[PDB]
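# Chain and residue survey
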Protein chains: 2
Amino acid sequence: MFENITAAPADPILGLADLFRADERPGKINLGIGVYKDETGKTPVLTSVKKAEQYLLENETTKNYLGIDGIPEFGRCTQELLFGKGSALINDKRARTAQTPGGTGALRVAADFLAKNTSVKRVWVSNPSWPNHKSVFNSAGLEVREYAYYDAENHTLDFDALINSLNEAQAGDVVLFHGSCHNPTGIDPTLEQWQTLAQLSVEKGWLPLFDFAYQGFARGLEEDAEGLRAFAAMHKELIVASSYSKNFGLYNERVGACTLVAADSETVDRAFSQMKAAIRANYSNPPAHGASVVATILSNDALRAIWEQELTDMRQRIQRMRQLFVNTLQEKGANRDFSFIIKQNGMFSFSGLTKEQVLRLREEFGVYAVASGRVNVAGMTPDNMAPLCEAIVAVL
Amino acid sequence: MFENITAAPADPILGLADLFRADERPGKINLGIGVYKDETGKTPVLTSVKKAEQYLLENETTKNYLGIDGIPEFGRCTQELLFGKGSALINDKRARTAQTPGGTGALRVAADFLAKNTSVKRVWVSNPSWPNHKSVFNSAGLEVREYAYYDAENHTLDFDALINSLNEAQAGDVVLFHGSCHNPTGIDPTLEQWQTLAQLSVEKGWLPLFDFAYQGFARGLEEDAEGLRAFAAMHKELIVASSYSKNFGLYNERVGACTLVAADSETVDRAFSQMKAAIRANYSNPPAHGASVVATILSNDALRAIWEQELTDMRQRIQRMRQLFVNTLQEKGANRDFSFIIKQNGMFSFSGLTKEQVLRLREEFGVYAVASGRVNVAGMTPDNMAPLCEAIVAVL
Ligand SMILES: *Cc1c(COP(=O)(O)O)cnc(C)c1O
Ligand SMILES: *Cc1c(COP(=O)(O)O)cnc(C)c1O
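Definitions and cut-offs
Residues numbered from 1 in each chain as written, not as in the entry; some residues may be left out. Chains lettered and ligands numbered in written order. Heavy atoms only, no water. UniProt positions renumbered as here; feature names shortened; annotations may be inferred. Helix = DSSP H or I, 4+ residues; strand = E, 2+ residues; numbered from the N terminus. Rg over C-alpha atoms; globule rule 2.2 N^0.38 Å. Buried < 20%, exposed > 50% of the residue type's maximum accessible area, 1.4 Å probe, protein only. Contact = heavy atoms within 4.5 Å. Near = heavy atom within 4 Å. Polar contact = N/O pair within 3.5 Å; in protein donor to acceptor, adjacent residues only side chain to side chain. Areas by Shrake-Rupley, 256 points an atom, 1.4 Å probe, with all protein chains shown as cover. Nonpolar A, V, L, I, M, F, W, Y, C, P; charged D, E, K, R; others polar. Pairing = 2+ DSSP bridges. Axes fitted to C-alpha atoms, helices over the stretch in contact; angles between N-to-C directions. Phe/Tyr/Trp six-rings, centres within 6.5 Å; stacked < 30°, edge-to-face > 60°. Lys NZ or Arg CZ within 6 Å of the ring centre and 35° of its normal. Right-handed = clockwise from strand over helix to strand, strands pointing away. Parallel < 35°, antiparallel > 145°, perpendicular 65-115°, else oblique. Domains from an automatic or database assignment. Buried area = accessible area lost by both parts, 1.4 Å probe. Salt bridge = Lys/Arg side-chain N within 4 Å of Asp/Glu carboxyl O.

Deposited coordinates in this entry are attributed by the record to X-ray crystallography, at a stated resolution of 2.45 Å.

UniProt annotates chain A under Catalytic activity with the comment "L-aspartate + 2-oxoglutarate = oxaloacetate + L-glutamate". UniProt lists a comment for chain A under the heading Subcellular location, and it reads "Cytoplasm".

### Considerations on the overall build of chain A
The helix and strand inventory of chain A stands at 15 helices and eleven strands. Over its C-alpha atoms chain A spans a radius of gyration of 21 Å, differing by no more than 12% from the 21 Å that the globule rule assigns to 396 residues. Each principal axis of the C-alpha atoms in chain A carries an extent, and together these give about 65 × 55 × 55 Å. Buried residues in chain A amount to 61% of all 396 residues. The contacts of chain A with a sequence gap of at least 6 include a subset with a gap of at least 24, amounting to 75%.

### Observations regarding the site of ligand 1
Close contacts around ligand 1 come from 14 residues, with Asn-183, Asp-211, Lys-246 and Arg-254 of chain A together with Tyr-65 of chain B the closest. Positioned at a junction of chains, ligand 1 has nearby residues supplied by chains A and B. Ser-243 of chain A is positioned with one of its side-chain polar atoms (N or O) 2.7 Å from an oxygen atom of ligand 1. The side chain of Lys-246 of chain A places a nitrogen or oxygen atom 2.8 Å from an oxygen atom of ligand 1. In isolation ligand 1 offers 390 Å² of accessible surface; the protein chains occlude 96% of this area. Here the shell around ligand 1 is composed, by residue class, of four nonpolar, seven polar and three charged.

### Digging into the sheet that holds strand β9 (residues 256-261) of chain A
Each strand in a sheet pairs with its neighbour through backbone hydrogen bonds, running either in the same direction (parallel) or in the opposite one (antiparallel). Residue and element names in this part refer to chain A. Taking strand neighbours across the sheet as the criterion, the seven strands line up as β1-β9-β8-β7-β6-β2-β3 in an open arrangement whose pairing is mixed. Each edge of the open sheet carries a strand with a single partner, namely β1 (95-100) and β3 (143-145). Going from strand to strand, the sheet's axes swing by 20° on average, the running direction of each strand aside. In terms of strand pairing, strand β6 (residues 174-178) meets strand β7 (residues 207-212) through five bridges, oriented parallel. When the sheet's bridge partners are listed, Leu-176 is paired in β7 with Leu-209. Across the sheet, helix α3 (residues 72-83) lies against β1, β7, β8 (238-243) and β9, angled at about 70° from β9, the strand it touches most. Contacting β1 and β9, helix α10 (residues 265-280) runs over the sheet at an angle of about 10° to β1.

### A short note on the sheet that holds strand β9 (residues 256-261) of chain B
Residues and elements named next belong to chain B. Taken in spatial order, the seven strands make up an open sheet running β1-β9-β8-β7-β6-β2-β3, and their pairing is mixed. Edge positions in the sheet fall to β1 (95-100) and β3 (143-145), since each has one partner strand and no second. With strand direction ignored, the average angle separating the axes of adjacent strands in the sheet is 20°. The pairing of strand β2 (residues 122-124) with strand β6 (residues 174-178) spans two bridges and is classified as parallel. When the sheet's bridge partners are listed, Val-123 is paired in β6 with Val-174. In the packing of helix α3 (residues 72-83) onto the sheet, the strands contacted are β1, β7 (207-212), β8 (238-243) and β9, and the crossing angle to β9 comes to about 70°. In the packing of helix α6 (residues 132-139) onto the sheet, contacts are made with β2, β3, β6 and β7, and the angle to β3 comes to roughly 145°.

### Some points on the packing of aromatic side chains
Residue and element names in this part refer to chain A. On inspection of all chains with the given rule, the structure shows 36 aromatic pairs over all chains. Consider the rings of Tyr-244 and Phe-248, whose centres lie 5.4 Å apart with planes at 75°: the pair is edge-to-face. The exposure classification of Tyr-244 matches that of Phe-248, with both residues buried. By the ring-pair criterion, three or more aromatic residues cluster together here, those being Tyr-147, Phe-177, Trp-194, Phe-210 and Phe-231. Its end group placed over the ring of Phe-348, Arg-374 keeps NZ or CZ at 4.1 Å from the ring centre.

### Describing the pairing of β8 of chain B
Along any regular strand the residues' side chains alternate between the sheet's two faces. Residues and elements named next belong to chain B. Within β8, six of the six residues are buried, which leaves it mostly tucked inside the rest of the structure. Both faces of β8 are covered, namely the face carrying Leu-238, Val-240 and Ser-242 and the face carrying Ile-239, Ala-241 and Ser-243. Across four bridges, β7 lies against β8 in parallel orientation. Following the sheet pairing, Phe-210 is matched in β8 by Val-240. In this view, the connection linking β7 to its parallel neighbour β8 by way of helix α9 (residues 226-234) has right-handed handedness. Sheet analysis places β8 next to β9, joined by six bridges and oriented antiparallel. Paired with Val-240 across the bridge in β9 is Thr-259.

### Notes on the packing of helix α2 (residues 47-59) of chain B against helix α11 (residues 288-299) of chain B
All names here are of chain B. At a minimum axis separation of 9 Å, α2 and α11 run at an interaxial angle of 105°. As summarised for this structure, α2 and α11 are arranged roughly perpendicular, according to the angle between their axes. Here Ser-48, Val-49, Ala-52, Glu-53, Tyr-55 and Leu-56 of α2 come into contact with α11, specifically with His-289, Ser-292, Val-293, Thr-296 and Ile-297. Of the residues that constitute the contact of α2 with α11, the class distribution is six nonpolar, four polar and one charged.

### Points about the domain arrangement of chain A
Residue and element names in this part refer to chain A. When its domains are assigned, chain A resolves into domain 1 (11-44 + 316-396) and domain 2 (45-315). Here the C-alpha centre of domain 2 lies 28 Å away from the C-alpha centre of domain 1. On the domain 2 side, the residues contacting the 21 residues of domain 1 number 24 residues. Taken together, both faces of the contact between domain 1 and domain 2 bury some 1900 Å²; the carbon and sulfur share is 59%. The three residues of domain 1 that bury the most area against domain 2 are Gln-316, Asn-345 and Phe-350, which together make up 28% of that side's buried surface. At the surface where domain 1 touches domain 2, the tally comes to zero salt bridges. Where domain 1 touches domain 2, the interface holds twelve residue pairs in polar contact. Secondary structure elements with two or more residues in the side of domain 1 that touches domain 2: α12 (301-332) and β10 (348-350). For the side of domain 1 that touches domain 2, the element with the highest residue contribution is α12, accounting for four residues. Considering only residue class, the side of domain 1 that touches domain 2 consists of ten nonpolar, eight polar and three charged.

Written as structure tokens, this is what we have:
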């Protein structure tokens, strides 16, 4: 059977690694993958997680199976973090959440539930968007249509074109929104812009699917949730897939959740059982470690306070590197205004680079950026900040 | 969209929990789920894993993403544990393995790879078999046909009927074999019987898919692998899905692997990339914790020695409870020969009970067994062994 088999192509992001990693070149700079990197260029494990991990080590008595939906406590916390502390969705029992292996596994679990218990056959994903999106949905048999998003000339959210590609989306179709820190543009809708998409969506009969993979990285944990919350106030049904990989630095432990809100308790209970049936057929129940770490930190007021401070530092370091980037460029010799990257948020930014400029840095200079022209700012330090803006003014 | 939605039915195994758990009855006995239980009725975390876990805690420097296939070291070990220390499949580079979220996730990853890169459309699964099998494969779009297996009268492997249901399986179809400790019968083929299925399968053009979820629980770690190894000696292509949940007591951490052997290096490399593409579309990369625990124990000669001793004790306790069961029954008052359960292996056994006897114990007696008449012997202690055989001679 395997004699026919065609080789799979490169993952748009993860293929660059084996080129930096395997580049035997000395003075490199990575700037590719969306994994945070501190002042020293290390991706350390948070202090609050080290503390929750010795705690688990002292207290775990069994490795016995978690429920299909996982740790109850982890469920509750994800809900409060998302909908708010006194949220009516929580009070009316309209939300149900399942712990999943990553934000990607919550996306896929949403995919398989929709693709077999529902009308939907089409998912609208922005242009551009996180590459693996299309691939997850298509794997469920659904098809990916892409509304417009970004003004390649003004480096902003082309709102009009956004609305003007969305009306082609008919009712009972799913529209996918990045909750905060849009991957890869970093451009996010204003609150007014969300209050608008909220009504166009209620009026047009859409099913919103929020991808929350960076809560806390744009402005705050509550601020970054205002859009989802604006949509959750007027829709009776919506789903949200979230990830704790980047905001807790728990990347390789695979922790995320897929919450489903329905019109009421009876419906979300009944719809959740099918979501559960979907999980039981994929991976049987979720991995305990990274989830219990998150449940412990969030449940304990001493540990949680350290966690938010750590998140606040990661956020404040990226916010500082962005400014270091636009200034060093302005000093190294640039005939181009990169001030827009200062207005963008999260770990990523779309430089104004062509696929041939990206290739010119990577070859003649060893600096690595996805062909997309996307550079991870949380991978710039004050130390590498100089050979970086030198390479960029050379290629400009 | 969710107003239509039909409630999902009960999982054949996991629905009984909420009935024992939620049974407010006092003198209970569970006997349902396939999770080991020691002399005290506790599912403790192994000593060798507690030791590997403090080790990870002292040494982990980052929670950064694992490769799509996971921990290399974990890959190598799974191969040697399966194929053997000086195995030619390993030496010729014909094997490739991906770490997955459980044995169930290795089954599913096999499913999705086959269902989209291959000819196969049918999977042969024994009668009976682990319930979730059918459900995983059907989820991939494939269909489940079931060959015969068990002689409900002689409590053995009906070999002839086995062969006589298998010829209907045409070439390019997948036949699924339990490597050791057949769930739920506990009846396993002899080595001669495997050397026979090995040639019928090479002669008929089948694709073997081994489900290894209990290596070490029948006779040993190497002994329990003789069948797979007999098949791997004469087939050029085969896949095997294994789980470390029960044999390392790592249930809720989701650790298993999906190995793929092809005719040669070039083919397995090329076929593996597609397997990888399948993973990247499900859950992005695997969970690190439970896998690194397994890699550490197996890599270290001091830790490994404790691990095998622990496995040896679990194995020897079940082997003793089986004998306690046939003897206590023979003394409590039984007009039936249960000696067959002494000849069966692993955690499970098919009592000779009717769905109405199972229901009679569970109601009038609080003893819980799946309607299947399957009782987990690794859930019997010398303490509960008496009200157990009393209930069974009452219902007989
Ligand atoms: C990182 C990311 C995710 C999910 O990542 P997981 O590692 O699988 O949690 C989802 N969406 C976007 C835009 C992301 O950047
Ligand atoms: C337990 C089991 C598996 C896999 O279980 P995971 O918890 O997902 O590893 C596979 N096959 C059988 C027969 C089993 O009993």
